[PDB]
Every structure is written in structure tokens, then in C-alpha cells.
Amino acid sequence: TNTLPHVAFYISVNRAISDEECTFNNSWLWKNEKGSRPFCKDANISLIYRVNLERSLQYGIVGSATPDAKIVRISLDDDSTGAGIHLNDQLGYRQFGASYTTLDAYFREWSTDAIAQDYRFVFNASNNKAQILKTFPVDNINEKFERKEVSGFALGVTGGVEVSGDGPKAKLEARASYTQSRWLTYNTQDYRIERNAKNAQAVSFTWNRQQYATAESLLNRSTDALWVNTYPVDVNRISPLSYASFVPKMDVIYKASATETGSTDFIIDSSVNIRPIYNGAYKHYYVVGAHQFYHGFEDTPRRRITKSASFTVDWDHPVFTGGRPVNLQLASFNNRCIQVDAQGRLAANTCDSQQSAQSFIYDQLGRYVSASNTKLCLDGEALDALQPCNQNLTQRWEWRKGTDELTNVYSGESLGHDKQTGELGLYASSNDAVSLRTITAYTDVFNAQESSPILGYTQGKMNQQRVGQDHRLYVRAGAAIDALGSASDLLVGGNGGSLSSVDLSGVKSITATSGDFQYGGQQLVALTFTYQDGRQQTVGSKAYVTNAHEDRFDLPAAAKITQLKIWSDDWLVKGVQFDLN
Amino acid sequence: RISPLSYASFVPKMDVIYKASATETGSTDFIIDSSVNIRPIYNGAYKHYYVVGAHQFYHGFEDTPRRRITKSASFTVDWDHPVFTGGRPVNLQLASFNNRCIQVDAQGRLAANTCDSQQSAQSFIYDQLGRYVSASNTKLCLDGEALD
Amino acid sequence: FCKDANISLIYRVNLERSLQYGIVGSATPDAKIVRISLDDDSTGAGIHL
Amino acid sequence: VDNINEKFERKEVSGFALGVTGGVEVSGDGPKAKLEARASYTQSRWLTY
Amino acid sequence: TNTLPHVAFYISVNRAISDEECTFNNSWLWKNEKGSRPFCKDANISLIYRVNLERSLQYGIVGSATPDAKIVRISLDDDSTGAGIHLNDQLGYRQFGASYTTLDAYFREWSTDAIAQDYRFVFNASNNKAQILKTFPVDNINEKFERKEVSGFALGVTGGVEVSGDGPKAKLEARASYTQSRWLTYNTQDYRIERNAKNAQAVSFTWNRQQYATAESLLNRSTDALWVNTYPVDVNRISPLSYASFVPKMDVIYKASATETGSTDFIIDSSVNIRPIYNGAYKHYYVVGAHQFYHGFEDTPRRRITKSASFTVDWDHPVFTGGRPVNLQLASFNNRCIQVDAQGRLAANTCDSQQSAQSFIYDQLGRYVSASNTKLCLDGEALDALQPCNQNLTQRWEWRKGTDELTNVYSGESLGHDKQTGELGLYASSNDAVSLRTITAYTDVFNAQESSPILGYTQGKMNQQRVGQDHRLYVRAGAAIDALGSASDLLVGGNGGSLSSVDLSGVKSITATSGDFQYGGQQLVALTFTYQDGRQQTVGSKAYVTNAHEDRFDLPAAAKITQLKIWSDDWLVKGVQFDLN
């Protein structure tokens, strides 16, 4: 128990990708003539972040080289990976010859499987109370370079003789050649590392294509004659890493000030920018013959497909104290541990393994401190309540070996408790109605709060609104979803929606669907509260939606939902979360 | 041909250690100054026309100015602060009372008062010689001849 | 010429003696030490243009 | 500690070549024959860092 | 205390470099036609060395690997750096054209910032008693080599056929070629490491320009016609290390013989050689035209700028005993430690932590040895004084555990002392007038003697002249500082300077100016004593010096100076050092 405590867990992130999101038009230059098609089969998103939270030091220690602070560790490496990111399993193409009888134009075209341009992840906190401490990919490397310089001069002499009937000839020749050149070489990676930071709250890692960075760079050859028909798109210059499957690596650590108090959320953006390839051939003609000059068409759009996640730190959580706590039990009963309210009065009640208000901290000074409040502490002057604690010696307590009682320093007076009321008093010796038996032990209060999955997008204003006493989510949404709130006044965003009030308690689940919502951009396309009986209350559109994605988000029934987290612009909501019990 | 390290994001790495003399006293500040020099790139084409034709000769006008945007901070050290003493101080509790610790003034008189975890003048240093010394100053230390 | 330029660095400040109190004849001569460090363990966000 | 002093790289090469060629041209106007020799020498300096 | 003790401390050398020292003419070939200007900007010298010193082995240990001797280490490394060496904070030049109309000569020239040709460090000992044990720059580098060799032979055949209206032609050829060549390859450094140990008392380390050793190695072009007017000197071929800031690194250790007794001084000398660049272009006005053959005039003078310091070792000092000492307290009193004089008689006095004559050494033989006198040991036969050490058991002593009495083996009886006089005796039992309380502990005596800074130049004849008992010195100085001493017969230097006699008792400071003395040489140019009052006595003249370096050397009040460390040769006076107490 003398080691550094921790609180850590794993967080999943998973998203299937249906065909339509991957579907693009067939050819580029002839964009609309041949129509569209899927460009990747069975694309998948799966990954497991590692979340860890700690105090930078054991409680009570003084002047260690490590400065006092609170540390947040969001990371993955070998130890924890998840499955990964996937686009394709093979490399399928499709040829398209001359649409018409061509005179001079791009005439032979090929459209093959899509390839990943780049991968990206964005981490940021809900507020500015915490700052980035440090991050594994310290920073892209100031590349090594080599420069070579070559200078030389030639001095040649040639003795030649020709012999023939007309007349012999002789030759003496001198050649003086001077030459200089420079060489500059370096190294590149398949996918370049690139970190970008927006601010002391928002940071982004990214991996982008560096080698063969453009489609036309993948040309398997240079060119050919006018008539040569051959599939000119190599694959062997493509790492299967680039398209098939991939797993990232990342370490980020946020700092938190010792004196800070409150709570905050942390926000996770995983994204991949998908793009097909488009290589064509213009029959570049010189008057005699021609050549299917090939040139990549990189103007074809790229769709960034993303998923988001988040979680919550409550800084006042006991773990940040820096000392493994224990309970305190009136051993006369079979189950009576000391609990503390918010105000300061103390009770003896049922014992809980996860009761902070029943948790306590032992120190070098022999005091005892609330995990819920480092301020108040135990003192024998008035056991009815605890006080903001300091060097008052009467706060201090000592164990007597082989006993079941704890003693006070001030005058050796022992601690006692009546067999009925759970009172705490100080006495010289136990009486008939007061027992001294009292034992403690370490307990877990550090299992993290369960994850709350998000639905939509982590863009637009972040707003937490307490679920109203009226237990009815009020919405400005009709066929389009503009604004949300706990009441008709707590809207943020647009106004064009209809006025709706939805029951929140007694709800079995929420089927919330987002995606390509016709009213503009990617947003929560519809809400459908599946109540306790299973009945549906629907606001939004399930018919103006394409590329939809839905969640049937489930709770214990009749759960008193507590807060509403919206990610929403002054027009529409594109992110919804229900901060749980 | 440009790394992101030039424009997008960067982090530095360095270490400095300032030396201070044996027992020089008083106060001092240390000053940190961060600066980045910003400058765009201006490149154009020069019409070098030989009588046959003109080639667009490209030249980057490196004479474009620069702006060194800076920020700064500072902090303070007091040598007499117990940090440079070299030992872990402790209080002295007049254990008859619930809260009394002995404290030293500037002149030398010693008073029993409420305690403070963060009171230099209530803190003291233990040594190999079995003496007890003012954590505020190595020059002052306790003796039983005149405890006042 | 650049959107959202930002500066945010963090620095580690250390203060220490070169030796335990009263120790004699060690390797390191007595002095006072100010340490300003910026490396792996403590860097902060960085510089953006 | 310091601005880096680095390690330069220097190559220097002296070369000399000796070639001999014997050719014959044949045509209607008349056969001709040539025998010739070449002697080349050159210094080369290389620097890398 | 079981660890081997040490004595170590930091010594700072600091020297400002005023503008005039870095001032030179505005051109080389045109000495005065453009005048002069400064070539530096706040050039500075600031280093700190770490001087340690220690016995080669703990006292009493016998037959170990390392033979007994004394060690003085002087180090400049990772944790012993200083600030550095500074010349400039920018890259600068200055165009200059044809002073007069030219026919065929150099006509275009460029002034440049001054560049460190080399850095040097001189390590010296005031006599031969010590020796140069070892040096971290073990030695100059036996540098490896690469030697390729190539032999080649060519065997080509060729069939060439021409066809035209004149007549078909055919030809066949055979080429036989042979060639041989050699390749040599090796590596250099910017400022090559070169050490020169001049002799068994003095060593020199140096880092000198090796790559690009000439200004002509800085060209960017062979030559051109009149069309070019370009400052032809690159700066990128110059490291920032070359000119702006530099920090050295090296380590030296001096050996000292076991049996020697006495005292000695050690001398640290730092130096740079400064030199600007003077490269120009000769317009070789041939019939071909004007070709500006560039040339670097490596003949431009080079000025060495130096600073120095020194310090003092006393072999007789207790540090080299090899065992941490303790005191001896007649604990009847509150402040009474036993002190030993030079002759042997003993006293009881107040206790100083730093008092050698109260310090003592305790060995396996249970003896006690004076730190200042390794020859002497306490013996119970006669406690009035110590005796030369031997195997006499009565010299030996033993502690009684858990007690305060240190007793003697011979017959076992204890050491005693009367409560009044501090006498020592041997007694079987304590009496009324004799106390037995006797305690000790380790006491620091290992602080270093403070450093006496130096002014002038550490060259010329070195000598020591004990300050006359009158505490008043005699000089032959006039318009020039010729000879110095503590008496008219004790002059070192010439004799041309006029007679002078200046009091030394009660002097607070000296305004001493040295450097390029106008009338002759680079030495101590003038002195002005400043008594405890603050008045001035002048010898030499501040007006009769060029490029003066002036300093205000200051002392603790009314310090009885003991001797003069003087460096003068027999012509003038080169340096000064008044031994402080």
C-alpha cells in the first residue's frame, strides 16, 4: 500500500462503415456519366485507448524533485492496442475506355480501390483548468541531411594513327575537363509523423502520406506509345499498412494544478480521411504519333470519416489525495463504519467498500483526513464533527500494539463508542455500554465511472445543462434538429425546429440516429426515445437521412438522468450525450 | 520540401543551471524570454528574355522584413530561505498545550505561539553535533545557558 | 498570413543545495543551485503558426 | 553543452587511364585502317558533411 | 566518514573585452586609406574550473593497487562548464571598392567580423615538486585511414555502318583500355584537438582551425568578369561554434610525491587568438579581359587575448592525511579542546571546527595524530607533549563502550583532567578535582583557502618576496613600471623607473591597470594604491598606456599582506600578486 495509487481503465471506440459512405462516382473526368459504386468493402473502426489518472506524488511527501501536480495519461502502445483501422482486403480496379470516338483528350481511364491519405487524432479538454504536460512523439524530427561536394579536372592525351592508301595520318590530342557538382540526400518515411497543437487545451496528432504522396506518383512506368493498352497502376509501391490495416501509437499527459477544484471532461476525436485514386491518360499527340500522357486527378474529393469519445474527471475524487485510504469500523457491531456528511456531522452506518464519506486517510502526524475533503480532519476536542485541521495536537492518534483501539496523544485518553447509537467519545477506560473494539482496512473506491458514449460529432459549442426537475427534455426540433435543453428556454443553436417535450425518466433506451442530415452537414438526424414499455417518441427525420448511424443507448430503467452535454453550433445540434446517474 | 517542424508545431528542449556562491544573501530574480521570428516567403519571376524567347527566372526576395514576437516571465529566489540550508526541519511542540510551537524573532527572543506547517521561524534543524539550529539562519541556534 | 498562432510552454523550476547539511569533503563543492529545465518529462503544448 | 563541432569527410582521388583501339573501315572507295592510343589523367576532390 | 575525504571548490575566470581591443584597420593592402573600426561586440570571457584535491588512498590502508601519493584534479566538463567564450552576436561584413582607378591589381575587398583562429589553455606549476599525472584528452588522435586502389581494363567491339547516296560504308573497331588509380579518405574536425605538454611542469591544450583553415577556403566561386559585384564570402561554411559562443572540456591531474613537505602554486591561463578576414579580388587585366581572381590575405596580424588566475596548495595541509579528523573535548568545560603547538607542548583552549592544531586522527592502532603534524602521537607516559610515533603500546588508546572515558591499554587505567587547568593525566579512578567526561566528533577543517585574484600577466621571472615587516613596498617606477619589491634591494625588473616607496599596512584596495603599456611591451602598465582611507598613490600613468585594462582589486580591511608573488623579468614587470594574509 506504500506504492503510488492509480486509477486506470480502457475505453473502446468502434464504428462500422456501411457501403454508402464509401461509395463514390466511378470516373472523375466523366464524373456523372457512369455513375457511382462502393470503393471499400467492410471498412471498420476498432480501438482501445488506455486512460490513467494519478497524483504526481504520494501524499505528505515534501520537496521531491517531481513538482506537486495531478497527472492525466491518455496513451496506447504495445501494452494496449485494440484491433485497428481497416479499409480494404484486396485491390480491385475497373477500366474505362473512350467514352466517345476521341480526337484529342483523356480517353483511357482506370479507377481502383481507395487508399488512406492520412490518419488523425485530436485530444482536448472541456475547459482550460488543465494543460498538456508532455507527449511521446516529442516532435517531428529535425531531419538528418547529408551534403557531398565533388570537384575534379581531367587531363587526357590521345595518340592516334590512321593508315590507308591515300595517305597516313597522325593525331595528338589534349583534353582538359573541369567538373563540379553537389549531392544532397536524406530519408523519408512511408507515413510521416506530424504533431500539431492548437492550444494549451487542444492538440492533434496526424500521420499523412509522405512517400509517393500523390496518385500520379504511383505510375508504374513513364509512358508508352499511342496504342499501348496496359493497366498502368502498380500496387507493389503501396504498403498494405497504408490501406489494409493499421494501429497508432500515442502518449499524452495533461497537468492539473494542486489548488484546483471542480470537474472537467476530456474529448477524443479519431478520424481517417478516405479517398480513391484516379489516373487518366490524355492522348498527347504530336502530328505523327501520340502518347497517353498520364496525369493524376487529385481534385477528386476526400471524405473524413470520424468517431468521437469522451470521459470525465472529477478532480475532487479521492484518488488525487495521494494516499491509499482505509475505512473505520465500530467493531462492536457487525457492520458500522464512520461516515461524514458534507457539513461536518458524523454518523455510524452500514459499511461500504466504495464510500468516500466512509473513507479516511492516515498520515505521519497520526491524524485522519476525509478523502472527500482534505480540509476537515478528526480531533478529540469535539467528536460530534470534524474541523479544518492543522497542528492541533489533539487531532493526532496512535495505535496500541495488539489492541483493537486507537488512542489520543494529548492525555492518553482512549476512543470509545456506545453499543447502540454509534456515538464517538473519549474515555479513560471502557464501560459496560461502551466498546473499544475498532479495526480498519484498505478498500477500493477507485473503479472509474462507466463510459458514456457520444452520438454525433464533437463540434459546436459544448454545453452542460442539468436535467430539469420537470423530467422532460425540451427540444427545438421539427423535421430538423436545431436546439436542445432541459426546458423551453435552455435551447442553444437555431430555432427552425418544432417545440417538443420528452419524458426522460421511465425510458428503456434512446435510439438516436445521426449522419448525412439533409438540412446541411453531418448531424443528429433523429431522436427516438424508446420508453420503459418500449414506445417511441420521435423528433427529427428518418427519411431525409442517408449514411445513417444509430445507437440504442440503454440504462437501468427509470434512471434519473442528470445532465445534458450538447456539441452544437448556433444553428443545429451535431453532438448529444446524456450525463448519466 | 518543408517539414511541419518549421510552421505547424514545435517543442524545445534544453537545461540551464545557475550557480550561486557559498553564503551570499539577499534576493534575486530570474527572467525567461521566449521569442519566435516570423517571416513569410515572397518569390517571383524575372523576365529574362533572350532575343529568341523569355524564360521566367524565379527569385525569392529575401529582403522581406521579419517580426520577432516575444513573451516573457520571471520569478524570485531568496537565498536566506531555508531551501539552501541542506536539511529537513522540524517544529518544537510544547506538548502540554494542544497547539504551541516555539518561534524565533529577528532579534533573538523566543515565543510560544500557535503553530504553522509553513513557519520558518518555528522550524529548526537537527545536526550530528546534537545541536538545534535556526532553520531561518545557520548563525542562530539553541543553548541552555540562556534559553530566552 | 497564419490562423490561430499560439504560444504555450511549461518550465520546470528546481532549487537545491549541492549537498546535505554539514557534510564535509565531498566531491561537489558547497554552493547553491537553480535549475531551469525543459525536456521530455515537462514540455507543454508548444509553438504554432 | 555546446554548439556542435562535427566530423568532416574528405576524399581525394588521382587516376590515369591507358587505352588502345584498332579499327578498320571498309567501303567501295577504299579500305582504311586506324590504330590509336589514349592517355587520361585527372584529380578529384570530394567533401561531405 | 568511511569514505575518502576531498577538498574541492570552483574558481571563476572572468574578463570583459572592451571595444578598442577588437579594433583594426578597415582594409589590409590599404593600411590607413579607410581608417579603423571595431570588429567585435561585447566580447567576453567567463569560465569556471572545478579544482579537487585528495590523497590517493585512505590513511592507514596498505598495499592497495594505487600507490601512495597526492592528487590535484582540475576539471572543465559537463558539470564544470562556466559560461563560455564570446566574440560576436551577428554576421557582418563591409564592401569596399577601388580606392583609385586600377590598371591591373586587387581592387574589390571586403571586411569581415573577426573569427577565432584558435583557443588555448596553459596549465603551470610554480615549481617541480609536483608532477603531471594524467590528462583526459589522453592524446592527439592517431587518426585512421582509408586507401582504395583500382585496376581496370576495357574490351569493347563496335560495328558501325553508314549508308547514303555517295556510297555504303562499313567499319569495325576494337577498344582495349587499362587504368589504375588510388583513393585516399579520412576525416577532420572544425577545431582539431591538439595537446602539447611543454614540459614536466607546464602543459598546453589547444583547439585550432583545421577545416577551412584559410580564408581562401571560403570562396563561393572561381572568378568572373566585371559583371559580378557580390560579397564572395559565405558564412554558412562557418559554425556558430566558430565565432559566437564556445565552451571547452578537458581534465588535468597533477601528482605529488609522498614524502615531500612544503607549499606550491598552480597557474591557470586562458587565451584566444583573434583575427578577422581579409579576402579580395585581383582584376587580372589580361587581353582576355578582367578576371577577378580572389585571394585571401592570411598575412593579416593575429592578436592573442589572455587572462589568468592561480591558487595555492599546501602539501602540509591536513587534507592529505587521508582520514577525517575529530576534536578532543575536556567535557568538564563547555568550550575546551586540546590544542598542540609547533614544538609539542599542549594547551586546552576554545574549540574551533577549523582548528588544525585542535584536530586529531584516529587509526586502527588506537593512536591519535596531529593533522598538522603526522609525525606526532599522544602517549600516556608524558601527556605534557606528544612524542614521535612508534609501536609503544602506551601511545595507543581505547574507547569504553557507552561511556565518556577514553582509556589507555598499557595497564587499562583512564585518562583524567582537572576541572581548572586542563592538564592531562593517567588515573585509575576519578577524583573530586578531576573530571572524566571526554567527548569528540568529526569537525570540518577542509574548507579551501580563499582565492586571491590576479592582475597583469603570468609570465617573466616568477618570484616570492616576503612583505617587509614595515608592511611597505619599494618600487622603481617612473613613466614606466620598471621594478617591484618590498625593499630597495629587492627589486625585480629594470631600474629606469624612479624611486618610490608605498605603505602596504592598512590598504583597502588598488586601482591596478595593465595591458598594452604605451612606452613599451604588454605588462603591468601602472598602479595606484588605495589605503583604508581611500586615498591614491600613483606610479606609472593611465595616460601612458594604450588599450588599457584597468581593475579595482579589493581586500578585507587592514589585511596584513604576507608576501609578493611577482612575475617580472629583469627588464620590466609582468605581473603582480600580493599574498593575502
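Letters are used for the chains, namely A, B, C, D and E, taken in the order the chains are written, and counting of residues starts over at 1 for each.
The criterion applied here is as follows: a contact is a pair of C-beta atoms (placed from the backbone, for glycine too) under 8 Å apart; a residue touches a chain by one contact, two chains touch by 3 or more.
By chain, UniProt protein names: A, E = Cytolysin VCC.
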item	value
Comparison of B-E and D-E (more C-beta pairs in contact)	D-E
Chain whose Cα centroid lies nearest the overall Cα centroid	C
Chain A (Cytolysin VCC) and chain E (Cytolysin VCC): spacing of chain centres that average the CA atoms, whole Å	58
CA centroid of chain A (Cytolysin VCC) to CA centroid of chain D, Å	62
Computed distance of Cα centres, chain D from chain B, in Å	64
Junction residues of chain E (Cytolysin VCC), two or more chains touched	10, 442
Residue ranges of chain A (Cytolysin VCC) touching chain B (in the complex, touch as defined)	62-63, 138-143, 192, 194-197, 381, 390-394, 410
Residues of chain E (Cytolysin VCC) that touch chain D when the two form their complex	78, 81, 150, 154, 158, 167-191, 211, 239-241, 244-247, 249
Parts of chain B lying in touch with chain C, wherever the complex brings them together	7-22, 30, 32, 34, 36, 38, 40, 71, 75, 77, 79, 83-87, 125, 127-128
Complex contacts: residues of chain C adjacent to chain A (Cytolysin VCC)	4, 6, 8, 10, 12-14, 40-46, 48
Chain D-touching residues of chain A (Cytolysin VCC), taken from the complex the two chains share	146-166, 171, 175, 177, 183
